[PDB]
Structures are given as C-alpha cells and as structure tokens.
Amino acid sequence: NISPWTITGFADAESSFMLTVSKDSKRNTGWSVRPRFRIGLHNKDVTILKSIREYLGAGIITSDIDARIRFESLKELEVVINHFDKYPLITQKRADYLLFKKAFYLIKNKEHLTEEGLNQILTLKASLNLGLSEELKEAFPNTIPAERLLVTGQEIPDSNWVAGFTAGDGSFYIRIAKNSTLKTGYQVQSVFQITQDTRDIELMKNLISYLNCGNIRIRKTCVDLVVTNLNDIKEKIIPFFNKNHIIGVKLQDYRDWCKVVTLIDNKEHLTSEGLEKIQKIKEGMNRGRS
DNA sequence: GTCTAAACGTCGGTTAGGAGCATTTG
DNA sequence: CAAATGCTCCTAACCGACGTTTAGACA
Ligand SMILES: [Ca+2]
Ligand SMILES: [Ca+2]
Ligand SMILES: [Ca+2]
C-alpha cells in the first residue's frame, strides 16, 4: 500500500489542475465552466494510477494512447481537496491548486451561473497554468488576473514526498564515457538526477540540504539536481530510497541501478568483461527497457 | 598515468495542459 | 431542458535519459 505523501510528491511532479471554459449555446450564461484534476502517464505505468485510486477511493482510469486518472465530479474533487489540504503541495503547483480550490467553491455554490461569478472564475483561470487563450481573451476583454501566491520557504514535509517526486521527475541512470585515460577503455559512474524548471530552484536547493549531498546544474530554463559521488550514493541515496520506495516501472530501474552501484563499489568497472556485464544491465534500463 | 568527480552538451518523447462534443441527470 | 458529467481527440515543452570534456587526487 502507498503513502499519502508519496501521492503528494508524485502529484507535485505529474499532476495538473485545470479550468475548462468553453462556449455552450444551450446554456444561460452562454458558457460552460468545469474544473478538472488529472494525471497523465505512459501506458506502462497504469498501476501507479490504480494504487492512487485504491488510496483515494475515487477517480476514473482510462488507457488509450496514454494512461490517465481523472477527477471531474464534485464528489471526486472533494476527495482530491480533502487530501491536498491535509497533505499540501510544496512546488509552484500549490499556487495552481489554491486558485483551483477557490474556483471549485464558486462552482459548488452555483455562483458560476451568475455572470459575476463567471467573470470571477476567469480571473482565476487567467492566473492558472498557461492562462487564457486568445479566444477567451477576446470574449472577456481586460480581465484582471487573480493574485498568484509565490510559493517560498517550502520545507520537506516527509521523506515519502521525495520518493514520490523522484518517481515522477527523477532519474536513475549510469554514465559511460569514452575516456582513453582509463585502462578498460571507458569510464563508469552511477548518477542520480532530478529535473525541474528554475521556478522551483529554491526547492531544489533545500532538497540538497535534506539529502545532504548533490550538486545544482543549470542547462543551456530547466534545472537539474545531480549526484555522482559514490560515497553519497552508497550510504545516503540508496538506503533512503530503500526505506522510501519508488513506485512504477522506475522501481525496476532503481533495482538495476543499485545492482550496478555495487559492481562499481567492488571495482568491477575496471575489468573489461565486468564492464560488458555492467553495460548489459544498462540497455535493459530506462529507454532500453521493453 | 590511473581514475574520480563534476562541468558541459544534446536528443526526443512522456508528460503536463487543453478544448469540446456526447450522454446522463433531476 | 439545463446543468453536471462522461467521454473523446488535440498540442508541445519541461522533462528523463543519454552522451563528451575538463579540473583534479591519487601517484
Ligand atoms: Ca513536472
Ligand atoms: Ca515521469
Ligand atoms: Ca515529469
């Protein structure tokens, strides 16, 4: 069984809050307004969604070109809210959530059927995710975007949150470099990684303090948390994710990752035929895993 | 001269986010 | 019959996952 913080952490990575405002002629406002909450994963990670439903006791799972669990009902969205209020987000999506929560209560109270409540909802959508389209902009000119809370001073609520957040945005891979300076031909190192936009770089920084290791890398928008020191990986990272489990197919990737780590710890990455075995593990991992 | 750690670099798709018709409900 | 909800298609970037070079401690 999963942990609630694991769900929150994963949701901080892969979930989404939405407000759909489309034109409906058969409505008295001329507009339809509906709130959504959805998580979209690759087909191979359906069981993640399933484990979430078993905990929350709500949601609709579907599998086509991708796997989704959606909450589009009032009863369903209440379950989502009751969970995220007891176990709050700490990324920038918390801002997206609070705006979502407010719009939710406007709809539960039928206030969205008034034009005043309608306009108010669009002020919330304007500050939600990507904001308003050009079509909605022309339909609702000079709409004042609601104030968006800037999430700062976010401290780690639980170790399970990290396990969840890494199970979504994280990555366990090995690096094989072509370095002639090494005897066995190549250089081998295990790498732990978390990727995120710079808008939550403050969260990435105090994530290092919580894990007591790692470096921050800025690409050529996005920000990465990288761990390469085998000392940290062997004693700090692996025991952490052994207590705080990784969910999904990624778990199978973490196990092979850990299996490679110990091969490096015993210097089998310096023998050419122990290296070939390490490589044989790699192509069965991640993008190679069929 | 070995090998580690980390800085630097790059592809492509699984994510995040979206809009709207079709069906049920009360 | 109108509001809520179920259901189905659409879009691309912030991701995941892969590579090479450089600044050094061991010697
Ligand atoms: Ca994310
Ligand atoms: Ca993911
Ligand atoms: Ca992601």
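Up top is the structure.
Enquirer: Explanation requested: the overall build of chain A in the structure shown.
Expert: Counting secondary structure elements, chain A contains eleven helices and eight strands. Projected onto the principal axes, the alpha-carbon positions of chain A cover approximately 75 × 35 × 30 Å.

Enquirer: Would you mind showing me how to read the packing of helix α9 (residues 230–243) against helix α10 (residues 250–265) here?
Expert: For any two helices packed against each other, the geometry comes down to the angle between their axes and how far apart the axes lie. α10 packs onto α9 with a crossing angle of 150° between their chain directions and a minimal axis gap of 11 Å. Comparing their axes, α10 and α9 come out roughly antiparallel. Crossing of α9 over α10 shows left-handed handedness. Between α9 and α10, the residues in contact are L230, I233, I237, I238, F241 and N242 and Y254, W257, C258, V261, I264 and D265, respectively. Counted by class, the contact of α9 with α10 contains ten nonpolar, one polar and one charged residues.

Enquirer: Would you mind going over the pattern of salt bridges with me for this structure?
Expert: The salt bridge involving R27 is made with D24; its shortest N-O contact spans 3.3 Å. Between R289 and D253 there is a salt bridge, with the nearest N and O atoms lying 2.9 Å from each other. Highlighted residues: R289 in the segment after α11 (272–282) and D253 in helix α10, separated in sequence by 36 residues. Three or more residues joined by partner-sharing salt bridges are found here, namely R34, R36, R70 and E72.

Enquirer: Looking at this structure, how should I read the environment of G30?
Expert: Looking at the secondary structure, you find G30 in the loop between β1 (15–23) and β2 (31–41). Residues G30 and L136, 106 residues apart in the sequence, show an inter-C-alpha distance of 13 Å. Those residues in contact with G30 that sit more than four places away from it in its chain are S22, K23 and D24.

Enquirer: Got a minute to help me understand the packing of helix α7 (residues 159–169) against helix α8 (residues 201–211) in this structure?
Expert: Close contact between α7 and α8 brings their axes to 12 Å; oriented N to C, the two are set at 125°. For the element pair α7 / α8, the angle class is oblique. Of the two elements, α7 crosses α8, and the hand of that crossing is left-handed. Of the residues in α8, those in contact with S159, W161 and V162 of α7 are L203, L207 and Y210. A per-class count over the contact of α7 with α8 returns five nonpolar, one polar and no charged.

Enquirer: Just to check I follow, could you spell out the sheet that holds β1 for this structure?
Expert: Sheets are built from strands paired through backbone hydrogen bonds, the pairs being either parallel or antiparallel. Pairing is antiparallel in the open sheet, where four strands are placed in the order β1-β2-β4-β3. Each end of this open sheet is capped by a strand with a single partner; those strands are β1 and β3 (60–63). Averaged over all adjacent pairs, the angle separating strand axes in this sheet is 30°, with direction ignored. Bridge count for β1 against β2 is nine bridges, and the pairing is antiparallel.

Enquirer: Got a minute to help me understand the environment of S171 in this structure?
Expert: Assignment of secondary structure puts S171 in strand β5 (residues 170–177). Sequence separation of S171 and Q193 is 22 residues, and the distance between their C-alpha atoms is 5.0 Å. Contacts of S171, omitting those with residues within four sequence positions, involve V191, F192 and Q193.

Conventions we followed
Residues numbered from 1 in each chain as written, not as in the entry; some residues may be left out. Chains lettered and ligands numbered in written order. Heavy atoms only, no water. Residues with missing side-chain atoms left out of burial classes, pairs and counts. Helix = DSSP H or I, 4+ residues; strand = E, 2+ residues; numbered from the N terminus. Axes fitted to C-alpha atoms, helices over the stretch in contact; angles between N-to-C directions. Parallel < 35°, antiparallel > 145°, perpendicular 65-115°, else oblique. Left-handed = near helix turned anticlockwise from the far one by under 90°. Contact = heavy atoms within 4.5 Å. Nonpolar A, V, L, I, M, F, W, Y, C, P; charged D, E, K, R; others polar. Salt bridge = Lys/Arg side-chain N within 4 Å of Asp/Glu carboxyl O. Pairing = 2+ DSSP bridges.

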